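J.: Sending over a structure as structure tokens; questions will come in a sec.
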Amino acid sequence: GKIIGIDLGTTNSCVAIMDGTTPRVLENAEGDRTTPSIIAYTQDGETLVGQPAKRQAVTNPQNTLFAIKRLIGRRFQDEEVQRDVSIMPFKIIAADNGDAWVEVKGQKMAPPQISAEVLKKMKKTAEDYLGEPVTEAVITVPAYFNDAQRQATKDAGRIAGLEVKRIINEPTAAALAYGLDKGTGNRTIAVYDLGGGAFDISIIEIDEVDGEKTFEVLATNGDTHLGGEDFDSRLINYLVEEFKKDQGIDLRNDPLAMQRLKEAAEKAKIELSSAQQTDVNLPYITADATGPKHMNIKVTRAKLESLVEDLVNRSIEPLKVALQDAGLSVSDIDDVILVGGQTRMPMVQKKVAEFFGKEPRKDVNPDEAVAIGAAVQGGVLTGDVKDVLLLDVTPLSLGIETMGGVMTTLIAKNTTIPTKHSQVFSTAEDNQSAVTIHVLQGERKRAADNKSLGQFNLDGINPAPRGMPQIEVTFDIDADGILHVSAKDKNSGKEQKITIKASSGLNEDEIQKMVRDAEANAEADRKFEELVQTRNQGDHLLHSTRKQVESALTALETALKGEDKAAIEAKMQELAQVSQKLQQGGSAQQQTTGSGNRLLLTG
Ligand SMILES: Nc1ncnc2c1ncn2[C@@H]1O[C@H](COP(=O)(O)OP(=O)(O)OP(=O)(O)O)[C@@H](O)[C@H]1O
Ligand SMILES: [Mg+2]
């Protein structure tokens with residue numbers, strides 16, 4: 001069968017499919033190209049999904065679940081979930097394992113069983129159009145999702161009876177929808193995604209060589225707490241302050257009124273993106289001892305812009321960081337893509353256009369670009385789309401320099417991404433206070449034959465003998481392919497870190513050379529590791545005795561570089577007889593000859 005693309009949003013979901021060569025966004029059973037991400041369980045035992053559920057949320061607040069993406073994959077005691085516990089009108093509870101679950105009519109349900117209801121409708125939407133079963137899907141997630149959030153989204157898919165063939169970040173999906181059928185030429189794009197639940201920004205390179213289009217992320221970030229929800233709650237606060245001032249009542253203590261007020265405020269926000277003024281009209285919004293009370297408040301676009309301007313101006317500073325991290329100026333960005341329903345606000349479009357100096361592209365639909373890109377990825381997996389290349393694996397092994405100029409691999413070539421691997425190293429010399437984490441890319445055993453991706457220092461290590469300190473080095477490649485290298489001194493807690501650009505990378509011409517070069521040199525590289533491993537067990541023991549005095553000692557400095565194992569192993573036996581004939585509050589003594597298997601770092 002077909003592999004469908006689903007944009008699984010906080011607020012809205014969308015299903016798309018490849019129709020031979022062109023993607024088509026599908027209308028649900030109600031004639032809508034998007035479906036609200038809302039699931040409701042009614043008193044008479046039915047499960048409503050989408051617009052039918054949205055329409056009755058205000059009359060059935062306890063049993064209508066929405067914004068489950070804020071909970072899926074999170075622990076119940078996370079502060080973000082606890083803040084969420086108070087404000088949401090449905091019951092959020094701790095599962096037996098501490099996960100954040102929800103409770104409806106006495107049934108405890110996991111967030112993925114709830115999101116699966118939207119996916120069952122998305123699967124059904126596609127099956128009605130195609131006339132055959134659907135079982136495979138590509139589903140999108142925000143770029144800030146961690147490992148657990150990604151697992152939970154896949155889990156939701158399995159419960160909906162869909163096999164989730166691939167997960168791809170939402171900004172990457174948006175670039176794929178735009179990158180089919182693009183006006184030819186290499187372009188740099190900025191994807192500005194402001195949805196109901198979060199802001200995410202990406203800098204994405206779309207290149208073209210021999211008819212094949214490749215997609216590479218140069219930087220990505222955002223703000224996980226700016227979204228259409230936060231625009232609403234600025235308007236909500238204004239209406240509360242205006243009503244308190246006009247009628248002396250604070251609505252915040254009237255749950256029935258606040259549910260009505262949040263929906264009225266959101267529809268007003270939306271309406272003011274198209275009109276210059278609007279009226280919020282809520283009869284019987286509350287009551288006190290003197291009878292019913294009624295709200296009728298005028299909100300102009302100028303007033304609205306005043307309430308939320310601060311949120312938009314704070315979204316600009318994350319773009320500058322993305323440019324710093326991509327090493328680019330605004331002037332190198334050739335196109336801007338607006339994604340997300342909240343970007344339809346004119347102040348947002350104007351404010352973004354002002355930063356980049358160019359008008360955002362008008363042929364990318366902000367509610368649909370992500371789902372279409374998800375459909376594109378599905379078509380690549382079936383082979384139906386061929387001018388698309390997404391690299392989901394490391395092209396080359398990645399590692400660090402360890403004592404003796406050796407490349408030590410932390411993540412092997414062709415490992416599926418995202419992935420994360422750590423290993424603990426130590427210091428190479430007595431009383432060494434710092435180590436230089438030297439990051440390398442390539443297949444050779446000599447560090448000097450590989451590509452340097454960058455380096456950094458970690459300081460503050462206590463004077464101690466070699467091999468006694470513990471330095472944890474972690475390589476993390478995120479799903480969008482960006483490499484984060486960190487180093488941590490485990491006994492003190494100190495940490496230093498770097499991010500490594502794609503530009504400091506190696507190209508396909510160069511990747512194929514590194515692979516061809518290494519196989520031809522397999523025995524020679526093995527020989528270098530062998531004469532290193534012994535060279536360094538030997539300079540192991542003259543550092544150990546120059547410090548012990550405080551002699552063929554200049555003759556073993558010679559016979560370390562003389563590339564022979566038994567040549568150093570003789571200058572071992574030679575100063576092993578120039579030596580064989582003639583406990584306080586700090587580190588510990590030797591007293592025996594054992595050493596440890598932990599690899600060593602220069603610094
Ligand atoms: N016409 C509009 N003008 C301005 N804002 C709008 C408009 N239409 C939708 N919004 C706002 O956009 C938000 C929904 O955006 P969207 O449907 O793209 O979010 P989503 O993809 O579900 O969210 P997320 O990307 O975090 O998962 C809503 O909170 C809504 O208030
Ligand atoms: Mg979205």
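Chain labels follow the order of the structure tokens: the first chain is A, the next B, and so on; residue numbering restarts at 1 in every chain, and ligands are counted from 1 in their shown order.
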Counting only C-alpha atoms and all ligand atoms, which residues in chain A sit no more than 6 Å from ligand 1? For each one, give the nearest pair of atoms and the distance in Å, sorted by chain then residue number, as a Markdown table.

T.:
```
| residue | atom | partner | partner_atom_place_in_ligand_line | distance |
| --- | --- | --- | --- | --- |
| A:9 | CA | ligand 1 | 22 (O) | 3.3 |
| A:10 | CA | ligand 1 | 27 (O) | 3.8 |
| A:11 | CA | ligand 1 | 22 (O) | 3.4 |
| A:12 | CA | ligand 1 | 22 (O) | 3.8 |
| A:195 | CA | ligand 1 | 19 (O) | 3.5 |
| A:196 | CA | ligand 1 | 13 (C) | 3.6 |
| A:197 | CA | ligand 1 | 26 (O) | 3.4 |
| A:198 | CA | ligand 1 | 26 (O) | 4.5 |
| A:228 | CA | ligand 1 | 29 (O) | 3.8 |
| A:229 | CA | ligand 1 | 29 (O) | 5.2 |
| A:266 | CA | ligand 1 | 31 (O) | 5.4 |
| A:270 | CA | ligand 1 | 3 (N) | 4.2 |
| A:273 | CA | ligand 1 | 3 (N) | 5.0 |
| A:340 | CA | ligand 1 | 18 (O) | 3.5 |
| A:341 | CA | ligand 1 | 12 (O) | 3.7 |
| A:342 | CA | ligand 1 | 5 (N) | 3.7 |
| A:344 | CA | ligand 1 | 3 (N) | 4.5 |
| A:345 | CA | ligand 1 | 4 (C) | 4.5 |
| A:367 | CA | ligand 1 | 18 (O) | 5.3 |
```

J.: Mind writing the picked residues with N, CA and C atoms as a PDB file, in the first residue's frame?

T.:
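Result file follows (again.pdb):
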```pdb
ATOM      1  N   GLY A   9      -0.336  17.873  14.538  1.00  0.00           N
ATOM      2  CA  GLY A   9      -0.180  19.159  15.193  1.00  0.00           C
ATOM      3  C   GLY A   9      -0.823  19.264  16.571  1.00  0.00           C
ATOM      4  N   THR A  10      -0.345  20.234  17.362  1.00  0.00           N
ATOM      5  CA  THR A  10      -0.996  20.507  18.643  1.00  0.00           C
ATOM      6  C   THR A  10      -2.469  20.839  18.455  1.00  0.00           C
ATOM      7  N   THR A  11      -2.767  21.669  17.449  1.00  0.00           N
ATOM      8  CA  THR A  11      -4.086  22.228  17.173  1.00  0.00           C
ATOM      9  C   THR A  11      -4.754  21.534  16.003  1.00  0.00           C
ATOM     10  N   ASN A  12      -4.026  21.351  14.904  1.00  0.00           N
ATOM     11  CA  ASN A  12      -4.585  20.811  13.676  1.00  0.00           C
ATOM     12  C   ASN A  12      -3.663  19.752  13.098  1.00  0.00           C
ATOM     13  N   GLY A 195       3.127  27.559  15.096  1.00  0.00           N
ATOM     14  CA  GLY A 195       1.877  26.840  15.171  1.00  0.00           C
ATOM     15  C   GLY A 195       1.141  27.160  16.460  1.00  0.00           C
ATOM     16  N   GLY A 196       0.142  26.328  16.762  1.00  0.00           N
ATOM     17  CA  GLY A 196      -0.576  26.530  18.003  1.00  0.00           C
ATOM     18  C   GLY A 196       0.280  26.243  19.217  1.00  0.00           C
ATOM     19  N   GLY A 197       1.216  25.287  19.120  1.00  0.00           N
ATOM     20  CA  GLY A 197       1.936  24.900  20.318  1.00  0.00           C
ATOM     21  C   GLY A 197       3.375  25.365  20.483  1.00  0.00           C
ATOM     22  N   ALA A 198       4.071  25.810  19.437  1.00  0.00           N
ATOM     23  CA  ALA A 198       5.492  26.131  19.594  1.00  0.00           C
ATOM     24  C   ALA A 198       5.958  26.888  18.358  1.00  0.00           C
ATOM     25  N   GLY A 228       0.508  29.810  19.130  1.00  0.00           N
ATOM     26  CA  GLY A 228      -0.747  30.520  19.052  1.00  0.00           C
ATOM     27  C   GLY A 228      -1.463  30.549  20.392  1.00  0.00           C
ATOM     28  N   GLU A 229      -1.203  29.554  21.253  1.00  0.00           N
ATOM     29  CA  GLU A 229      -1.779  29.556  22.600  1.00  0.00           C
ATOM     30  C   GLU A 229      -1.387  30.811  23.363  1.00  0.00           C
ATOM     31  N   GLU A 266      -9.883  33.367  21.025  1.00  0.00           N
ATOM     32  CA  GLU A 266      -9.183  32.817  19.857  1.00  0.00           C
ATOM     33  C   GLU A 266      -9.865  33.197  18.546  1.00  0.00           C
ATOM     34  N   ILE A 270      -8.160  35.482  15.481  1.00  0.00           N
ATOM     35  CA  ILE A 270      -8.168  35.050  14.084  1.00  0.00           C
ATOM     36  C   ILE A 270      -8.816  36.113  13.216  1.00  0.00           C
ATOM     37  N   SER A 273      -6.772  39.212  12.202  1.00  0.00           N
ATOM     38  CA  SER A 273      -5.780  39.075  11.149  1.00  0.00           C
ATOM     39  C   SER A 273      -6.324  39.489   9.785  1.00  0.00           C
ATOM     40  N   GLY A 340       2.538  27.487   9.632  1.00  0.00           N
ATOM     41  CA  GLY A 340       1.750  27.578  10.850  1.00  0.00           C
ATOM     42  C   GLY A 340       0.642  28.608  10.768  1.00  0.00           C
ATOM     43  N   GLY A 341      -0.544  28.292  11.328  1.00  0.00           N
ATOM     44  CA  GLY A 341      -1.667  29.206  11.179  1.00  0.00           C
ATOM     45  C   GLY A 341      -1.428  30.563  11.822  1.00  0.00           C
ATOM     46  N   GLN A 342      -0.588  30.620  12.851  1.00  0.00           N
ATOM     47  CA  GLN A 342      -0.345  31.875  13.542  1.00  0.00           C
ATOM     48  C   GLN A 342       0.490  32.840  12.710  1.00  0.00           C
ATOM     49  N   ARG A 344      -0.351  33.740   9.794  1.00  0.00           N
ATOM     50  CA  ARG A 344      -1.257  34.531   8.986  1.00  0.00           C
ATOM     51  C   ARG A 344      -1.550  35.893   9.597  1.00  0.00           C
ATOM     52  N   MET A 345      -1.128  36.132  10.826  1.00  0.00           N
ATOM     53  CA  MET A 345      -1.285  37.447  11.416  1.00  0.00           C
ATOM     54  C   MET A 345      -0.400  38.441  10.673  1.00  0.00           C
ATOM     55  N   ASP A 367      -0.709  25.985   6.460  1.00  0.00           N
ATOM     56  CA  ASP A 367      -1.427  24.944   7.192  1.00  0.00           C
ATOM     57  C   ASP A 367      -1.130  23.580   6.612  1.00  0.00           C
TER      58      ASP A 367
END
```

J.: Using only C-alpha atoms and all ligand atoms, find each residue with an atom at most 12 Å away from ligand 2 and format the answer as a ChimeraX atom specification.

T.: /A:6-14,34,36-37,67,69,139-143,169-174,191-201,227-228,338-343,365-371

J.: Kindly export the residues of the current selection with N, CA and C atoms, as a compact mmCIF listing (two decimals), in the first residue's frame.

T.:
```txt
# COMPACT_ATOMS: atom_id res chain seq x y z
N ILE A 6 1.42 12.52 7.52
CA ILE A 6 0.56 13.10 8.53
C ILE A 6 1.34 14.19 9.23
N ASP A 7 0.79 15.40 9.22
CA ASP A 7 1.26 16.48 10.08
C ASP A 7 0.41 16.34 11.33
N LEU A 8 1.01 15.85 12.41
CA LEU A 8 0.32 15.67 13.68
C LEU A 8 0.60 16.89 14.56
N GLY A 9 -0.34 17.87 14.54
CA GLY A 9 -0.18 19.16 15.19
C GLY A 9 -0.82 19.26 16.57
N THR A 10 -0.34 20.23 17.36
CA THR A 10 -1.00 20.51 18.64
C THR A 10 -2.47 20.84 18.45
N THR A 11 -2.77 21.67 17.45
CA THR A 11 -4.09 22.23 17.17
C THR A 11 -4.75 21.53 16.00
N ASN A 12 -4.03 21.35 14.90
CA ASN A 12 -4.59 20.81 13.68
C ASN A 12 -3.66 19.75 13.10
N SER A 13 -4.30 18.77 12.45
CA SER A 13 -3.69 17.68 11.72
C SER A 13 -4.16 17.70 10.27
N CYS A 14 -3.35 17.08 9.42
CA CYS A 14 -3.45 17.13 7.98
C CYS A 14 -2.91 15.82 7.42
N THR A 34 -7.94 20.22 6.76
CA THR A 34 -7.28 19.97 8.03
C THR A 34 -8.33 19.50 9.03
N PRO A 36 -9.09 19.32 13.30
CA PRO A 36 -8.66 19.74 14.64
C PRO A 36 -8.14 18.54 15.43
N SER A 37 -7.04 18.75 16.17
CA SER A 37 -6.45 17.68 16.99
C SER A 37 -7.18 17.59 18.33
N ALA A 67 -4.85 19.43 22.69
CA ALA A 67 -3.45 19.77 22.98
C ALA A 67 -2.69 18.62 23.66
N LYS A 69 -0.45 16.83 22.46
CA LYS A 69 0.96 16.88 22.12
C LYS A 69 1.82 17.54 23.20
N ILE A 139 5.16 10.31 9.82
CA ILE A 139 4.55 11.27 10.75
C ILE A 139 5.55 12.34 11.16
N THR A 140 5.10 13.58 11.29
CA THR A 140 6.05 14.64 11.60
C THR A 140 6.06 14.95 13.09
N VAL A 141 7.18 15.49 13.57
CA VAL A 141 7.27 15.94 14.96
C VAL A 141 8.03 17.27 15.00
N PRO A 142 7.81 18.06 16.04
CA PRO A 142 8.60 19.29 16.20
C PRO A 142 10.07 18.94 16.34
N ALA A 143 10.91 19.85 15.88
CA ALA A 143 12.35 19.64 15.99
C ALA A 143 12.87 19.57 17.43
N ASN A 169 11.45 15.55 11.36
CA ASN A 169 11.18 16.88 11.90
C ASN A 169 10.20 17.66 11.01
N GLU A 170 9.30 18.45 11.64
CA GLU A 170 8.36 19.29 10.90
C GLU A 170 8.97 20.36 10.01
N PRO A 171 10.01 21.10 10.39
CA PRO A 171 10.56 22.06 9.42
C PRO A 171 11.18 21.36 8.22
N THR A 172 11.84 20.21 8.43
CA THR A 172 12.36 19.45 7.29
C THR A 172 11.24 19.01 6.36
N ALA A 173 10.11 18.57 6.90
CA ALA A 173 8.97 18.25 6.03
C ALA A 173 8.57 19.44 5.18
N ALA A 174 8.48 20.63 5.79
CA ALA A 174 8.08 21.83 5.05
C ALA A 174 9.03 22.12 3.89
N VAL A 191 12.89 28.37 7.30
CA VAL A 191 11.53 27.92 7.56
C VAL A 191 11.07 28.47 8.91
N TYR A 192 10.14 29.43 8.89
CA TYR A 192 9.60 30.05 10.10
C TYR A 192 8.23 29.45 10.45
N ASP A 193 8.20 28.56 11.46
CA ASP A 193 7.03 27.76 11.83
C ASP A 193 6.52 28.20 13.19
N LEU A 194 5.36 28.86 13.18
CA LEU A 194 4.64 29.31 14.37
C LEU A 194 3.27 28.65 14.37
N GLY A 195 3.13 27.56 15.10
CA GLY A 195 1.88 26.84 15.17
C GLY A 195 1.14 27.16 16.46
N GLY A 196 0.14 26.33 16.76
CA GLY A 196 -0.58 26.53 18.00
C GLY A 196 0.28 26.24 19.22
N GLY A 197 1.22 25.29 19.12
CA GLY A 197 1.94 24.90 20.32
C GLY A 197 3.38 25.36 20.48
N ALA A 198 4.07 25.81 19.44
CA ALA A 198 5.49 26.13 19.59
C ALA A 198 5.96 26.89 18.36
N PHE A 199 7.06 27.61 18.53
CA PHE A 199 7.84 28.17 17.45
C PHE A 199 9.06 27.33 17.18
N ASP A 200 9.35 27.10 15.89
CA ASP A 200 10.55 26.38 15.49
C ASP A 200 11.09 27.11 14.25
N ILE A 201 12.40 27.37 14.22
CA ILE A 201 13.11 27.98 13.08
C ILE A 201 14.21 27.06 12.55
N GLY A 227 3.62 30.25 20.92
CA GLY A 227 2.73 29.55 20.01
C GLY A 227 1.40 30.27 20.00
N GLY A 228 0.51 29.81 19.13
CA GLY A 228 -0.75 30.52 19.05
C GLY A 228 -1.46 30.55 20.39
N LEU A 338 6.86 30.77 5.43
CA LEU A 338 6.02 30.86 6.62
C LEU A 338 5.26 29.56 6.77
N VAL A 339 5.34 28.96 7.96
CA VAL A 339 4.56 27.77 8.30
C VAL A 339 3.76 28.02 9.58
N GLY A 340 2.54 27.49 9.63
CA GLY A 340 1.75 27.58 10.85
C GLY A 340 0.64 28.61 10.77
N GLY A 341 -0.54 28.29 11.33
CA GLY A 341 -1.67 29.21 11.18
C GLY A 341 -1.43 30.56 11.82
N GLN A 342 -0.59 30.62 12.85
CA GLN A 342 -0.34 31.88 13.54
C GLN A 342 0.49 32.84 12.71
N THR A 343 1.16 32.36 11.65
CA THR A 343 1.87 33.29 10.76
C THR A 343 0.94 34.07 9.85
N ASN A 365 1.70 27.00 1.41
CA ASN A 365 0.53 27.10 2.29
C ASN A 365 0.91 26.79 3.73
N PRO A 366 0.74 27.72 4.66
CA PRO A 366 1.24 27.48 6.03
C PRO A 366 0.51 26.38 6.83
N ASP A 367 -0.71 25.99 6.46
CA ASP A 367 -1.43 24.94 7.19
C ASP A 367 -1.13 23.58 6.61
N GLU A 368 -0.56 23.51 5.39
CA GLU A 368 -0.46 22.25 4.66
C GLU A 368 0.97 21.86 4.26
N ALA A 369 1.97 22.76 4.35
CA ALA A 369 3.31 22.43 3.84
C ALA A 369 3.92 21.21 4.54
N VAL A 370 3.71 21.09 5.85
CA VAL A 370 4.30 20.01 6.63
C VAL A 370 3.72 18.65 6.26
N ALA A 371 2.41 18.55 6.16
CA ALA A 371 1.82 17.27 5.77
C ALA A 371 2.24 16.83 4.37
```

J.: I need the residue nearest residue 252 of chain A from this list: A:356, A:182, A:87, A:467. Use only C-alpha atoms for the distance.

T.: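 Of all the options, A:87 lies closest to residue 252 of chain A.
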
J.: With a distance cut-off of 9 Å and only C-alpha atoms, select the neighbouring residues of residue 312 of chain A, excluding the residue or stretch itself and same-chain residues fewer than 6 positions from it, and output the selection as a ChimeraX atom specification.

T.: /A:226,347-348,351-352

J.: As JSON, numbers by chain, please: the residues near segment 79-83 of chain A (cut-off 10 Å, only C-alpha atoms, same-chain neighbours under 4 positions excluded).

T.: {"A": [70, 71, 74, 75, 87, 88, 92, 93, 100, 225]}

J.: Store the residues picked out above in a file with C-alpha atoms, as a short mmCIF file (atom, residue, chain, number, x, y, z; two decimals), in the first residue's frame.

T.:
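Below is the file part.cif, written as the result:
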```cif
data_model
loop_
_atom_site.label_atom_id
_atom_site.label_comp_id
_atom_site.auth_asym_id
_atom_site.auth_seq_id
_atom_site.Cartn_x
_atom_site.Cartn_y
_atom_site.Cartn_z
CA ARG A 70 2.00 18.89 25.21
CA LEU A 71 1.75 15.67 27.24
CA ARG A 74 6.42 13.57 29.10
CA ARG A 75 6.68 12.66 32.76
CA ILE A 87 -5.04 25.07 33.58
CA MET A 88 -6.38 22.19 31.46
CA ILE A 92 -4.29 14.94 34.05
CA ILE A 93 -3.01 12.18 36.31
CA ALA A 100 1.58 11.95 32.32
CA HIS A 225 6.95 28.31 24.76
#
```

J.: I need the residues of segment 125-327 of chain A that end up classed as strand (DSSP E) by DSSP on the backbone, written out as number ranges by chain.

T.: A: 136-141, 163-169, 187-194, 199-209, 212-223, 277-288, 291-300

J.: Residues near segment 598-603 of chain A, anyone? I mean within 6 Å using only C-alpha atoms, not counting same-chain ones fewer than 6 positions away, as a list in words.

T.: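 Contacts, in chain order: residues 402, 403, 425, 426, 427, 428, 434, 435 and 436 of chain A.
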
J.: Could those selected residues go to a file with N, CA, C and O atoms, as a PDB file, in the first residue's frame?

T.:
```pdb
ATOM      1  N   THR A 402      42.825  10.604  20.492  1.00  0.00           N
ATOM      2  CA  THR A 402      43.328  10.081  21.746  1.00  0.00           C
ATOM      3  C   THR A 402      44.840   9.968  21.632  1.00  0.00           C
ATOM      4  O   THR A 402      45.413  10.127  20.550  1.00  0.00           O
ATOM      5  N   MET A 403      45.476   9.653  22.759  1.00  0.00           N
ATOM      6  CA  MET A 403      46.930   9.725  22.890  1.00  0.00           C
ATOM      7  C   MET A 403      47.640   8.982  21.764  1.00  0.00           C
ATOM      8  O   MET A 403      47.226   7.887  21.365  1.00  0.00           O
ATOM      9  N   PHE A 425      37.154   8.612  28.883  1.00  0.00           N
ATOM     10  CA  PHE A 425      38.584   8.721  28.621  1.00  0.00           C
ATOM     11  C   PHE A 425      39.253   9.302  29.860  1.00  0.00           C
ATOM     12  O   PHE A 425      38.597   9.554  30.865  1.00  0.00           O
ATOM     13  N   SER A 426      40.578   9.363  29.864  1.00  0.00           N
ATOM     14  CA  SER A 426      41.320   9.937  30.980  1.00  0.00           C
ATOM     15  C   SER A 426      42.488  10.750  30.448  1.00  0.00           C
ATOM     16  O   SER A 426      42.588  11.010  29.247  1.00  0.00           O
ATOM     17  N   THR A 427      43.340  11.227  31.361  1.00  0.00           N
ATOM     18  CA  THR A 427      44.434  12.110  30.981  1.00  0.00           C
ATOM     19  C   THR A 427      45.657  11.255  30.666  1.00  0.00           C
ATOM     20  O   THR A 427      45.854  10.177  31.234  1.00  0.00           O
ATOM     21  N   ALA A 428      46.473  11.740  29.740  1.00  0.00           N
ATOM     22  CA  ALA A 428      47.665  11.014  29.338  1.00  0.00           C
ATOM     23  C   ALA A 428      48.888  11.271  30.188  1.00  0.00           C
ATOM     24  O   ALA A 428      49.804  10.444  30.185  1.00  0.00           O
ATOM     25  N   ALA A 434      43.962  19.721  32.035  1.00  0.00           N
ATOM     26  CA  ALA A 434      42.953  19.882  30.989  1.00  0.00           C
ATOM     27  C   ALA A 434      43.193  18.881  29.875  1.00  0.00           C
ATOM     28  O   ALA A 434      44.326  18.472  29.622  1.00  0.00           O
ATOM     29  N   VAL A 435      42.125  18.591  29.126  1.00  0.00           N
ATOM     30  CA  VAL A 435      42.201  17.763  27.927  1.00  0.00           C
ATOM     31  C   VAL A 435      41.605  18.462  26.709  1.00  0.00           C
ATOM     32  O   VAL A 435      40.538  19.076  26.801  1.00  0.00           O
ATOM     33  N   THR A 436      42.263  18.310  25.547  1.00  0.00           N
ATOM     34  CA  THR A 436      41.778  18.864  24.276  1.00  0.00           C
ATOM     35  C   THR A 436      40.968  17.801  23.540  1.00  0.00           C
ATOM     36  O   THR A 436      41.517  16.876  22.940  1.00  0.00           O
TER      37      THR A 436
END
```

J.: Please indicate the distance in Å from atom CA of residue 60 of chain A to atom CA of residue 262 of chain A, rounded to one decimal place.

T.: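 Atom CA of residue 60 of chain A sits 14.8 Å away from atom CA of residue 262 of chain A.
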
J.: Pull the alpha helix (DSSP H) assignments for segment 313-404 of chain A out of DSSP run on the backbone, and list those residues as a ChimeraX atom specification.

T.: /A:313,316-326,346-356,369-382

J.: Excluding segment 321-332 of chain A and residues on its chain fewer than 6 positions from it, collect all residues at most 12 Å away from it, counting only C-alpha atoms, and give them as a ChimeraX atom specification.

T.: /A:186-192,200-205,216-223,315,352-358,482,498-504

J.: I'd like to know which of A:304, A:391, A:17, A:398 is closest to residue 481 of chain A, using only C-alpha atoms.

T.: A:391

J.: Figure out the distance between atom CA of residue 153 of chain A and atom CA of residue 214 of chain A, please, to one decimal in Å.

T.: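 It comes out at 26.3 Å.
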
J.: Please provide as a list in words all residues within 6 Å of residue 138 of chain A, with the sequence filter that same-chain residues fewer than 4 positions apart are discarded (counting only C-alpha atoms).

T.: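 Listed by chain and then number, they are residues 5, 164, 165, 166, 167, 374 and 378 of chain A.
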
J.: To one decimal in Å, tell me the separation between atom CA of residue 449 of chain A and atom CA of residue 570 of chain A.

T.: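 Atom CA of residue 449 of chain A sits 29.2 Å away from atom CA of residue 570 of chain A.
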